[PDB]
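First, one chain by itself: the form deposited in one PDB entry, in structure tokens.
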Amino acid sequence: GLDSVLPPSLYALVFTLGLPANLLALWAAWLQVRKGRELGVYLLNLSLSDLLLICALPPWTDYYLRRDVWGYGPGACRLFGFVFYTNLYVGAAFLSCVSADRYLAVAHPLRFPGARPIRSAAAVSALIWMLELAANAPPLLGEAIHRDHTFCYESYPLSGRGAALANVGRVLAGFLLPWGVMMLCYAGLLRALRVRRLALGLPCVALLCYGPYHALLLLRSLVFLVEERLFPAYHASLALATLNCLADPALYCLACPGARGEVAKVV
């Protein structure tokens, strides 16, 4: 329906103008690590993930555009689910680490960050990917999604044992802990600094692109455990969880000098 219909037009306009921004973010994040900034590696990782997953649209926006619920038998849905799961969970983890890092810089005393150089940040960036890739699937039973206008990740078995309670787990572990840590970082930053506007754009951005998804999943899950027109809504929620990728490079590059640096780099 129409609540299905708008996402693909937003999609026509996200890949076109959201690849340059995430390329330039990587440029600036390197030229900060070459400067020794312990913070440029996080933006390197985040821009890598965003750049990888922006070229993965002509599968997903294709099937969500070619009216393909299962255009492939067993192969389409597994790939689509893996892509979306990893995309949004990586985005969340990178924003959360960026927030805790900037908190340590601005507000925290020398004690913790002075012993936090670039080698430490490379270690934690490896750990995040390792956890996200290795520990995602064993909590999916090894048979994650199956038969399914449904979008990518969508399916049609009754949730059962492998879908519902694990959805409650994924909502309360992919959203609440990251959101809580960003909020505690922001409130503590204010408790010290009363670079202060920026540092509260990330939690709001993460919410406005990954909050309705978690809440509407939670409702889908606690309705059952304890869907006619309620379904056109899940497409809009997925479009939010998509367009976060466009949102983030605009916020990160808010300080004006980076714009000139990148432009002079390219033009």
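Residue positions are given as counts along the sequence shown, with the first one as 1. Rigid core here is just the name for the largest C-alpha set that superposes within 1.5 Å across the two forms.
Another form exists, deposited in another entry; not displayed. Remarks below refer to it.
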Q | residue 154 C-alpha moves between the shown form and the other one by 2 Å or more, core aligned | A | yes
Q: Establish whether a shift of 2 Å or more occurs at the C-alpha of residue 69 between the shown form and the other one, with the two forms superposed on the rigid core.
A: yes
Q) Does residue 79 show a Cα shift reaching 2 Å between the shown form and the other one after rigid-core superposition? A) yes
Q. Closer or farther: the CA pair residue 23/residue 258 in that other deposited form, versus this form, with a change of 3 Å or more?
A. farther
Q: Have a look at residue 258 and residue 15: in that other deposited form, are their Cα atoms closer together or farther apart than in this form, given the change is 3 Å or more?
A: farther
